[PDB]
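Considered here are two forms of the same protein chain, supplied as structure tokens in two stand-alone entries, structure 1 and structure 2.
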Structure 1
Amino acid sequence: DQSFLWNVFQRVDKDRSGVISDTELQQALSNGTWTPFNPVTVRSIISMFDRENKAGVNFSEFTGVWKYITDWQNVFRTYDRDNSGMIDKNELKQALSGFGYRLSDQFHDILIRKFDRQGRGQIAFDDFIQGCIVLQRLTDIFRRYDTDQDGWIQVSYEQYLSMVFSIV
């Protein structure tokens, strides 16, 4: 239904540039609350789908964007089983586990603390995508060294530094 998406695109593409910018995409997105969708999350979604390095998405790339956001709303709902419109510690544990991450209980606390911009120990839709993208990024860094894929790496000092230089 590219026809629907094209109408969506046009509405979102406010300045009619033919490309959706970060500030245009943000206005179009809801995190379920009355705060603007996390601008860092917005910029990561643009980066993930922009193929032309233009700080924006054209129509074709927006179709990827729409599918990605929609796939995340569905996951966010699947795991928000108590219909708060926020994901909780227990719900996060079910989510990440469902995703195939094996992580200690106290680590889930570090994740909440790092990503919950609301401050109630519950994760909003925009912050949930964000934390999942960081995990994804960090894991890609890791699995470049986890050769026999057993979740242990042995790295030299210089390998470590370049790992971190490509995060921060």
Structure 2
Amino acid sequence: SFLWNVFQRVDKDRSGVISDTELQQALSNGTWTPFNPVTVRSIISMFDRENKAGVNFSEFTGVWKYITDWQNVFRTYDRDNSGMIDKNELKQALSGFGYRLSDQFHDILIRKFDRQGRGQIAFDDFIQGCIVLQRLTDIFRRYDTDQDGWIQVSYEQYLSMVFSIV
């Protein structure tokens, strides 16, 4: 309903389908730089149930829910309310999700996810990071057959593991 007005504002070529570029330009990451294109790509492919390279209005109500939900999480854990998420808050956010990860390891996470290069993670980078972690966990989980947080794999199962990431 109110969602239709949003859709019409975002669908700038009035095609009836919201493309990557369109969704990108309707989202801010709180740093006055374009929203992470990879993040946009992931959100599109998530809800696009055709091979459309975009989302229609029905699919878009899903996207709108997804982004709003990700905003709740991000604002909850950015408690000094700066707009970025820091080492401590990232530790909190992933701890809230159920990850049990060492403090130093969050050094790597920040280095890997933060496009801004400022020791902190923006909203767009934050979504991708979490998405990438779900994926790595899904894969790991296929190989940790007795569920004790350990895997023994051969060279070939490793390669096919890394290749099933994609």
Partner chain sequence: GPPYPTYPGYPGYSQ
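Counting starts at 1 with the first residue of structure 1 and goes up one by one along its sequence. Throughout, rigid core stands for the largest set of C-alpha atoms superposing within 1.5 Å between the two forms.
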Inset, instruction - Mark the structure, either 1 or 2, that is the form deposited with the partner chain bound. - result: 1
Inset, instruction - Tell me, please, whether between structures 1 and 2 the C-alpha of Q159 is shifted by 2 Å or more, with the rigid core used for superposition. - result: yes
Legend entry - Large Cα move at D150 between structures 1 and 2, threshold 2 Å, rigid core: yes
Inset, instruction - After aligning on the rigid core, report the distance the C-alpha of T33 travels between structures 1 and 2, in angstrom. - result: 1.2
Legend entry - Angstrom shift of the Cα atom of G18 between structures 1 and 2 (superposition on rigid core): 0.6
